[PDB]
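Close look at the chain arrangement
Listed here are the chains, written in short residue letters.
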Amino acid sequence: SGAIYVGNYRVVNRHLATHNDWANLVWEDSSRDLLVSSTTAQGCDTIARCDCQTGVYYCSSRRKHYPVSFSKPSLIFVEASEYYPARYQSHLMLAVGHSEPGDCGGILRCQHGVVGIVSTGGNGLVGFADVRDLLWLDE
Ligand SMILES: CSc1cncnc1CC(=O)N1CCC[C@H](C(N)=O)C1
Ligand SMILES: [Zn+2]
C-alpha cells in the first residue's frame, strides 16, 4: 500500500484503488497501473521533473529505505495476476532491490522529489511506475 498526495490529487496503483478513488476519478491507465483521484485537502508532495536514474525507495516488507539505480521508463512485460492479464506495462522502471506482494505503493524519490511508486517486483528486481511525465499534477 501507499499513495502520492500532490495538491488536490491522490496518485495510487490502479490495482489497489478504493471505491472513493473510482467515485472521484480524474484519470486512470491500466497499461501504467496508475489511477489519480481528487481530494478536498491540499497534498504536500513535490513531484520530480528530471531524467534521474538514482534515487531512494521505501520497502514496507523490510520497514527500510534503499538507494537504487533504476532504468529509463519503458514497456516491460509483466506476468498475469488476479488484477491483470499477461501484458507489457508502459512507463515502468526497474532496479536491483528487494520487494514482495505488499510493497506496491512505496514512493521512489530522488533529490528533485517524487519519481514514482513501486508497482512490480520479483527475483531481486523492483519496478516503479513513473509519474514525472504527468505535468498536470501541478497545474
Ligand atoms: C512489488 S510487487 C511484487 C513483488 N515481488 C513479487 N511479486 C510482486 C507482485 C507483482 O509484481 N504484481 C502483482 C500486482 C500487479 C503488478 C502489476 N503492476 O501488474 C504485478
Ligand atoms: Zn531527479
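Structure determination for this entry is recorded as X-ray crystallography, at 1.981 Å resolution.

**Points about the sheet that holds strand β6 (residues 74-78)**
Sheet architecture is open: seven strands sit in the order β5-β4-β8-β9-β10-β7-β6, paired in antiparallel fashion. Each edge of the open sheet carries a strand with a single partner, namely β5 (64-69) and β6. Neighbour to neighbour, the strand axes of the sheet diverge by 50° on average, direction disregarded. Alignment of strand β8 (residues 107-110) against strand β9 (residues 113-121), held across four bridges, turns out to be antiparallel. Paired with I107 across the two strands is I117, which belongs to β9.

**Concerning the site of ligand 1**
Close to ligand 1 lie 16 residues, the nearest being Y84, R87, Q89, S119 and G121. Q89 places a side-chain nitrogen or oxygen 2.9 Å from a nitrogen atom of ligand 1. At 3.3 Å from a nitrogen atom of ligand 1 is found a main-chain nitrogen or oxygen belonging to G121. In isolation ligand 1 exposes 470 Å². Once the protein is present, 85% of that is buried. In this structure the site holding ligand 1 corresponds to the largest pocket. For the shell around ligand 1, the elements supplying multiple residues, two or more each, are β7 (87-96) and β9.

Definitions and limits used
- Within every chain, residues carry numbers counted from 1 in written sequence order, not necessarily those of the entry, while residues missing coordinates are excluded from display.
- Chains and ligands are labelled sequentially in the order written, the chains with letters from A and the ligands with numbers from 1.
- Side-chain descriptors were evaluated using all non-hydrogen atoms of the structure, hydrogens and water having been removed beforehand.
- When DSSP finds at least two bridges between two strands, those strands are taken to pair.
- Strands here mean DSSP runs of E at least two residues long; helices mean DSSP runs of H or I at least four residues long; both are numbered from the N terminus.
- Only the stretch in contact is used when fitting a helix axis, every axis being a line fitted to C-alpha atoms; angles between N-to-C directions are given from 0 to 180 degrees.
- Near residues are defined by distance, with any heavy atom within 4 Å of the molecule or strand qualifying the residue.
- Here a polar contact is taken to be a pair of N or O atoms separated by no more than 3.5 Å, where protein atoms must pair a possible hydrogen donor with a possible acceptor and residues adjacent in sequence count only if both atoms sit in side chains.
- Shrake-Rupley sampling with a 1.4 Å probe provides the accessible areas, and residues are treated as covered by the protein chains on show and by no other component.
- Method remark: on a 1 Å grid restricted to protein atoms, a set of points is classed as a cavity if a 1.4 Å probe fits but cannot get out and as a pocket if it is open with protein on both sides within 12 Å along at least five of seven lines; lining residues have an atom within 4 Å of a point.
- A molecule is said to be in a cavity or pocket once over half of its atoms fall within 2 Å of that pocket's grid points.

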